[PDB]
Amino acid sequence: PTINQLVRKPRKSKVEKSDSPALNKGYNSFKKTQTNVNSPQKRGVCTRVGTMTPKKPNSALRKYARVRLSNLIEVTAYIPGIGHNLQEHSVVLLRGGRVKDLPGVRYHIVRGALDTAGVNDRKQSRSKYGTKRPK
Amino acid sequence: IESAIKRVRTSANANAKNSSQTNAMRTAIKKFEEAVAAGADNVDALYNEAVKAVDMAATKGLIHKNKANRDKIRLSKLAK
Amino acid sequence: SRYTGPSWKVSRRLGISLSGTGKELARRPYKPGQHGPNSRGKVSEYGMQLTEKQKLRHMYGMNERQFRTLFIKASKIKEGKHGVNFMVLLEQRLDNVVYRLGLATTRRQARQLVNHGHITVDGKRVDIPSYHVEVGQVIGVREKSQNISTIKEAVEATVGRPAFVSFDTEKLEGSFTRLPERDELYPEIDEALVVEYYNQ
Amino acid sequence: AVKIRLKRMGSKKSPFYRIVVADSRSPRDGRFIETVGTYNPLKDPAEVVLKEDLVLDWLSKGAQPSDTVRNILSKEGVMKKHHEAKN
RNA sequence: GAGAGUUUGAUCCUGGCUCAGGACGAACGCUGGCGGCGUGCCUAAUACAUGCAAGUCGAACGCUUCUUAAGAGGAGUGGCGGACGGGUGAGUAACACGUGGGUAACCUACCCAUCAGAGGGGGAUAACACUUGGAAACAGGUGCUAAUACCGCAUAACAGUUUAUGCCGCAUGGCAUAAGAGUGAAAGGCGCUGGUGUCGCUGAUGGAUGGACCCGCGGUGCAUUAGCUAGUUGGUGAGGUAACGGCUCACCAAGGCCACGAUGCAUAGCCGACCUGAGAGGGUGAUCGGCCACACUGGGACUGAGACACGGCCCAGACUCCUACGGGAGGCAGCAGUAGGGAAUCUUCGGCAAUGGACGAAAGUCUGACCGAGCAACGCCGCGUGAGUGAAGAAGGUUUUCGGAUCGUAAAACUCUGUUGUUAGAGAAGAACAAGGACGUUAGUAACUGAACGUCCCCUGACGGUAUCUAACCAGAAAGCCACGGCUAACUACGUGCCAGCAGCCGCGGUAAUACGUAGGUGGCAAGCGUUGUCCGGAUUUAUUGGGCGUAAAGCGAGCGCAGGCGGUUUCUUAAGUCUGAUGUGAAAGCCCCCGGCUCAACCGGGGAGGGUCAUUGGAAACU
Ligand SMILES: [K+]
Ligand SMILES: [K+]
Ligand SMILES: [K+]
Ligand SMILES: [Mg+2]
Ligand SMILES: [Mg+2]
Ligand SMILES: [Mg+2]
Ligand SMILES: [Mg+2]
Ligand SMILES: [Mg+2]
Ligand SMILES: [Mg+2]
Ligand SMILES: [Mg+2]
């Protein structure tokens, strides 16, 4: 471009965006608007717990939960690990991160936080999946 | 609440006195203006009474000295 | 944090005698673990860099952040060579001063003397093994602690000391007499690899 | 009122002070016009640094120190010089 | 100014995705010894239970209660302060902020310096005593009373104004002198012996201090927002403000702003600074400091030097509270704290000893400012969790080619230590003071008290019997987190069998998985580790530095031309751009350099350096 062009219209950068828009918003019941807040984790209520079939190179029953967030955005997350204490209406805590198998799951569920029971008999990579030491 | 009651009372009394004295000043001045409109020879003494009230209001914290000066100057231009 | 673990294990991973003795490599000069003696495969340049860095911090019992900050403070200097100044600043640590003066057999022993407070600088107690030392100071064993038999054994079992030091046995005081030198340090290390490592 | 006082610096349980020319309306640490020295009692005696010319100029221009600053300026001989210059 | 992986059967381009690093006011998970320093509602400017945050003066004044006329306490009037301090950042896209300037259009209690003066009088009012108001806060009525309260009388204008000159400036105009006309001030207390000194009182100036206004320039997105304004633009008058002016009213005219982005919409406190980056730049505006704005929402004034006032008044509205149901009262975005929201961020603590502020002659009273302590591994720094000797190498775990290998000098064992921990003793600085008891010097004195200045005596610590130091004792009470297919440092066994599950990207798993899970082992960090989320970089992936358009993305289908952008050679001229000297400012804190103190370090302090498409003046002019 010519410098005249670059003054008549400047370089307008490639607009960016997040891999987790649901975490980057909030809600005040008074004015009832999306409040933009950069929150690492959130709370939600599992509105469904089920299984899904992953993409073609893989084959499995991937455990998901559809969840109703504090900010009233409904979100599909993954239940990592082996086993869960979850049901519909079960309070849950959510963190970010894709699950490359299904597309519609941009989020993960956290273990050891709330009604989510810690994983059972997991001794390695233990902070992850949230289960206390075997003494 | 916190010892502001006394300042409420004293400020109201001050309001009374200060508004009274300003009204006195303004009545003197208006009287002089009407005298200058009526052309009576009392203008000479009413001028002095108006100046008197203006400066006595510059005293006692009613009137800033610049406002007093502007009033005296306006009255002077009316008389002379 | 401080390392309470084995010495020889570290030394024989790295493939070098840190104590200058040999028995931390003698009879088993291969990395630990049941994949130790068998045919190690190729290794990478990142591996070499990391190994050089780990040699130094395992010598001096140091932490990564201390190491990094000391590297930065050496970088702030312009009057010399970068990694050589880094090694000198490592040498100016009471852990190593006590060792080079022959006042203790190991850097762990030396650190323990320093921290337990058996040592002085210009006649003042110091429980800080990371204490920097300028050329000209006077390290000195605590005059009450000169009676321990451990240090007397360690001092009368002294091989010929380095060139950059001065020391007396009756006084149990010594000091640096030089910057000190580079080549008088362990030439087994390639400081350029640390430089490339932390240039990243 | 314009004043010549001292503002707080240094860590807790290890104080230090800068003598400073401050209105009484400003905070303990805030607006100031000029610094004219500093102070700490953490030595065995007290220890002081001063700028005689500027502090005497502000005293002439109408300053009004605090009690401890008056003590310090007495020890440093500034109040006496101001008195003399007024005589 | 380091790159790596990933499209393919493979190769090179193009092009995107991800990773390698640094930083959080961080949160979650697992674990968890100590010390130092700092930070801690980013969300609901949501609502506030409770407690405390602004009082002070008896040497301004008169009462009342207790003191054998002394001092002390209650409510009065009056003065000063309450406008600072403290909190928050909602609104605000504009002189709000920053920077540079201007005010011959200005104001300023307290503090300094100077010229002067402080005279004589008057009428009340609270309080208090009775009265009604009845739950009583309230409130009204009659009477008495003091003041540095109030009133007006006496004089000065040195204030301001007009005339006459002079002088100067940037037009309006400003400074010096003289004159004219008219106006206005007050307060006494304490002490000494009418004279007084001290604190206060009134006028004028000057300074300082802070404040008010005005201008250049600058800093955010949309044109799927192109027109906007009508007291709007200007003028003649008048009014008005501390002051300029449409600030306001009338009258006269129809002008004024904008494609250099007006208007509108959305968003937002701005800055010093902070994080990152080779830099250019980007992102943020937490803690500390500065300017602004707000105080349940909206409006308006009074008082006062100063407010259109967080803890003041009136009114309207919303919201709540106590009532004896007649009527009242309130406003935590002050410090703690509650509920709620939330992923989530503190004790309903001590003291004014310090430092600072109000008041006071002073002691001193007040001070949720501030000093400190407390909770939180939230962060940065430091030390630990023992050290030496100890073998072809205990058992046991794992593996095995069943010979052995590794956990492993690791252990047991013997020697030593006590950072730390437990116990017992000693026990700092931070404190300077002020007042008071004494002396001495100055200039004011008719003279002494007294003021200013100096030198001694005197007494003052919440933290805290904490830091710190000494001695006795125990290795004893003190290490975990993640990863190990490649990018990436780190490998085997068993179970499982496209299931369970892993996964930042490539992708692993379908009976022999270094990718799942466990065990062993190793590697990277370490009282932390890992993970998410956010910002920068790598990303030259918005390319000014620093990219491209034949086929990958892209040359409008093509032309005519307003505006703008650019423009042949050359003399003279200017000096807007440009270059350049000096001067000023760019606060402090912070980054950086040199120093110095905290057992080093973090941190703290001193000094310096630098920082502006900055401003005034003064030159060149080659180039535009
Ligand atoms: K704002
Ligand atoms: K408002
Ligand atoms: K595994
Ligand atoms: Mg770059
Ligand atoms: Mg309040
Ligand atoms: Mg490898
Ligand atoms: Mg895993
Ligand atoms: Mg298998
Ligand atoms: Mg094409
Ligand atoms: Mg600065």
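Residues numbered from 1 in each chain as written, not as in the entry; some residues may be left out. Chains lettered and ligands numbered in written order. Part of a larger assembly, values for the part shown. Heavy atoms only, no water.

For this entry, the PDB record names cryo-EM as the structure determination method and reports a resolution of 2.9 Å.

Colleague: For this particular structure, what's the right way to read the sheet that holds strand β4 (residues 173-176) of chain C?
Modeller: For sheets, the rule is that strands pair by backbone hydrogen bonds, running either parallel or antiparallel. All names here are of chain C. The antiparallel open sheet is built from four strands, whose spatial order is β1-β2-β4-β3. What marks the edges here is a single partner per strand, and that holds for β1 (119-121) and β3 (165-167). Each strand of the sheet is rotated relative to its neighbour by a mean of 20°, with strand direction disregarded. Both β3 and β4 contribute to a ladder of three bridges, which runs antiparallel. By the bridge assignment, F167 is partnered in β4 with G174. (Pairing = 2+ DSSP bridges. Helix = DSSP H or I, 4+ residues; strand = E, 2+ residues; numbered from the N terminus. Axes fitted to C-alpha atoms, helices over the stretch in contact; angles between N-to-C directions.)

Colleague: Could you clarify how one ought to interpret the arrangement of the chains in this entry?
Modeller: Nothing in chain A touches chain D; the tightest C-alpha to C-alpha distance between them is still 34 Å. At the C-alpha level, the nearest point of chain B lies 21 Å from chain D, with no contact between them. (Contact = heavy atoms within 4.5 Å.)

Colleague: Would you mind going over the UniProt feature "domain: RNA-binding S4" (unreviewed entry) in chain C with me for this structure?
Modeller: Per the UniProt record, "domain: RNA-binding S4" (unreviewed entry) is annotated on residues 92-156 of chain C. Strand forms 9% of residues 92-156 of chain C and helix 38%; the C-alpha atoms that close the span are 24 Å apart. (UniProt positions renumbered as here; feature names shortened; annotations may be inferred.)

Colleague: Would you mind going over the nonpolar core with me for this structure?
Modeller: Nonpolar side chains in soluble globular proteins generally cluster together in the buried interior. All names here are of chain C. Core analysis: the biggest nonpolar cluster contains 22 residues, and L94, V98, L101, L103 and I139 have the highest contact counts within it. Counting residues per element, the ones that place at least two in this core are α5 (94-100), α6 (107-116), β1, β2 (139-141), α7 (149-156) and β3. Setting aside its immediate chain neighbours within four residues, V98 contacts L103, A104, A110, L113, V114 and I119. Ranked by size, the runner-up nonpolar core spans 21 residues in total, among them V10, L56, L89 and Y197. (Core = buried A, V, L, I, M, F, W, Y, C linked by side-chain atoms within 4.5 Å. Buried < 20%, exposed > 50% of the residue type's maximum accessible area, 1.4 Å probe, protein only.)

Colleague: I keep staring at the protein's contact with RNA strand E and nothing clicks. Help me out?
Modeller: With respect to spatial proximity, 181 residues lie near RNA strand E, and among them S125(A), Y30(C), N115(C), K144(C) and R25(D) are the closest. A breakdown of the atoms of RNA strand E within 4 Å of the protein gives sugar and phosphate a share of 77%. Element by element, the count of residues in the surface near RNA strand E is highest for helix α1 (residues 5-38) of chain B, at 11 residues. Across the surface near RNA strand E, the residue classes break down as 46 nonpolar, 68 polar and 67 charged. (Near = heavy atom within 4 Å. Nonpolar A, V, L, I, M, F, W, Y, C, P; charged D, E, K, R; others polar.)

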